[PDB]
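The block underneath contains the structure these notes are about, expressed in structure tokens.
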Amino acid sequence: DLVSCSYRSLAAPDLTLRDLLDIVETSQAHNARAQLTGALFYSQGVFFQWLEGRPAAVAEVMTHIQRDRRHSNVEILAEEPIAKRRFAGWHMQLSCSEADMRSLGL
Amino acid sequence: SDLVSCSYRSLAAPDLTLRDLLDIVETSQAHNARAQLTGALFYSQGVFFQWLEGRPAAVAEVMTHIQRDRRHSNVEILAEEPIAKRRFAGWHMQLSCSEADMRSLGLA
Ligand SMILES: Cc1cc2nc3c(=O)[nH]c(=O)nc-3n(C[C@H](O)[C@H](O)[C@H](O)COP(=O)(O)O)c2cc1C
Ligand SMILES: Cc1cc2nc3c(=O)[nH]c(=O)nc-3n(C[C@H](O)[C@H](O)[C@H](O)COP(=O)(O)O)c2cc1C
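Below, the structure written as structure tokens:
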């Protein structure tokens, strides 16, 4: 009994670096206790995310994530059953480039 | 003027190597440049996300091939989303691959 959820979203046009850092730090905290793992990819106003865990916990955050106003167009979440975890060890691995971080700075 | 965008998420074939990844990018670069396809590829831990932007038909034609590709599977796609402006202009194939992922894909 273990599942994954994959979505693509368009980051708020006004998204700052502070916003990104907040998203990451909350996720770290929640996924940690809530036993979720995965990765968050940001570049140039686009989010990809992969969440994995128990269907219960994923549904929990995914309802929260969708309400979140730091992005929009939260697009066809692809709910796949998984045999094993893919990001064991990463309660939230951010993947954000040096350029992208510079941008969100300006 | 007439730009659409396509997003998908893939599962890398379980025997995918660093060389494979490198082949996927160089092919993409060469092609996307000629086809005016811009976008980004993210790989980590067996997972691929990609965002492609360009004129409707170019996106459509590459996506048929991307889906044929044996180096991955379970290609869940996102209906041609129309876009105001490009987002990765200049980038024909911006790659996201961590140093850790680089280590693993390069093991055996
Ligand atoms: C792109 C994006 C990805 C997010 N991913 C997670 C996540 O994986 N885990 C999580 O707990 N919150 C994530 N969040 C934050 C939640 O949407 C939400 O802000 C928060 O978790 C719910 O309120 P809280 O601060 O009380 O926990 C994400 C937000 C954004 C915009
Ligand atoms: C994850 C992934 C992403 C790919 N992205 C592109 C791309 O954006 N542009 C491209 O021409 N080929 C891309 N390819 C390669 C194509 O699937 C396809 O194989 C190629 O364009 C035609 O065959 P070839 O590899 O022998 O040249 C990608 C392959 C994979 C597995």
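Just so you know, the protein sequences line up as chains A and B, in that order. Each residue of the first sequence is one higher than the one before, starting from 15 at the first, in full-length UniProt numbering. Each residue of the second sequence is one higher than the one before, starting from 14 at the first, in full-length UniProt numbering. Quick reminder that beta carbons are idealized off the backbone N, C-alpha and C, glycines included.
List the residues of chain A whose Cβ lies closer than 7 Å to the Cβ of residue i, in chain order.
i, result
"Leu91 (chain B)", "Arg22, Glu89, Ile90"
"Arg100 (chain B)", "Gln58, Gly59, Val60"
Which first and last residues belong to the beta strand (DSSP E) in which residue i is found?
i, result
"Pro27 (chain B)", "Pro27 (chain B) -> no beta strand (DSSP E), and no H or E assigned at all."
"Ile90 (chain A)", "85 to 95"
"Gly59 (chain A)", "That residue, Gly59 (chain A), is in no beta strand (DSSP E); it is neither H nor E in DSSP."
Taking just the CA atoms, how far does residue j sit from residue i?
i, j, result
"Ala48 (chain A)", "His78 (chain A)", "13 Å"
"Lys98 (chain A)", "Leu16 (chain A)", "8 Å"
"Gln58 (chain A)", "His85 (chain B)", "25 Å"
"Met76 (chain B)", "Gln42 (chain A)", "34 Å"
"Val60 (chain A)", "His105 (chain B)", "16 Å"
"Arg83 (chain B)", "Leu34 (chain B)", "12 Å"
"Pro69 (chain A)", "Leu50 (chain A)", "10 Å"
"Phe55 (chain B)", "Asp114 (chain B)", "11 Å"
"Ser18 (chain B)", "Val72 (chain A)", "27 Å"
"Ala53 (chain B)", "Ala46 (chain B)", "13 Å"
"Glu112 (chain A)", "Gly119 (chain A)", "11 Å"
"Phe101 (chain A)", "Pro95 (chain A)", "15 Å"
"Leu29 (chain A)", "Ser23 (chain B)", "27 Å"
"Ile37 (chain B)", "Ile37 (chain A)", "31 Å"
Under DSSP, the alpha helix (DSSP H) around residue i begins and ends at which residues?
i, result
"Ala113 (chain B)", "112 to 118"
"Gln80 (chain B)", "69 to 81"
Can you pull the chain B neighbours of residue i, defined as C-beta to C-beta under 8 Å?
i, result
"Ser109 (chain A)", "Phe55, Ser57, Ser109, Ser111"
"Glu94 (chain A)", "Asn87, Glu89"
Taking its Cβ as the centre, do 16 or more other Cβ atoms sit within 10 Å of residue i, making it buried, or is it exposed?
i, result
"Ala25 (chain B)", "buried"
"residue 210 (chain B)", "Any property of residue 210 (chain B) remains undetermined from this structure, which presents chain B solely from 14 to 121."
| said: As a quick check of your reading: which residues have a C-beta less than 6 Å from at least one non-hydrogen atom of ligand 1, in chain order? | reply: The set, ordered by position in the chain, is A:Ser23, A:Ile37, A:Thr40, A:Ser41, A:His44, A:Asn45, A:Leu54, A:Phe61, A:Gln63, A:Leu65, A:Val75, A:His78, A:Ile79, A:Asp82, A:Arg84, A:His85, A:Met106.
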